[PDB]
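This document opens with one chain alone, in structure tokens, the form deposited in one PDB entry.
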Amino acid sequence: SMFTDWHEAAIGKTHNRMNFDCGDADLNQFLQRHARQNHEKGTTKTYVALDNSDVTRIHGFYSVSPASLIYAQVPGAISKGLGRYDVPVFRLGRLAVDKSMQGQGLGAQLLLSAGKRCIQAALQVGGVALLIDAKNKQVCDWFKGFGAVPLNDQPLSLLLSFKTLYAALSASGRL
């Protein structure tokens, strides 16, 4: 039942950013107004899930950028053995699926794709987790279902460690 008739690419000028509605105006507007320009500037890189038949149709997207957190915010399961210093991460700044395609596994595939992409980059430049600011309790619970864990004093901000993500990629044959 999982939707797989799509392919991943960097956001580009040919893609239909207007005909996307994930149900959250802020994410729709980011795709419309900011994703492509930010990608070219380098402030955040956005990747789209494109329909295999209509290559202009965006089924979903995610966006990443390098970041860091102070030691006080990081749960000990991640910071154990690292010393009392800033923790390098990648922020998953955006993740969205078009409402017409939701609940079909595309969000899960995109989260794992983002994690794989950041893990690969971290082999060159460092980083140990994805940092996620969840919009609400429901979204927070969605990320917790993949092993993301809340920051120490910010319950809606989560860390999904590359250790957790690597194990999930392994168990699902996605390495």
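What we label the rigid core is the largest C-alpha set whose atoms superpose within 1.5 Å from one form to the other. The first residue of the shown sequence is 1; numbering continues from there.
Omitted here: the form deposited in another entry. The next part is about that form.
Looking at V74, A96, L92, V89 after a core superposition between this form and the one not shown, you find that only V74 has a C-alpha shift of 2 Å or more.
Relative to this form, in the other entry the C-alpha atoms of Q73 and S63 separate from one another by 3 angstroms or more.
Cα of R84 to Cα of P66: at least 3 Å shorter in the other entry than in the shown structure.
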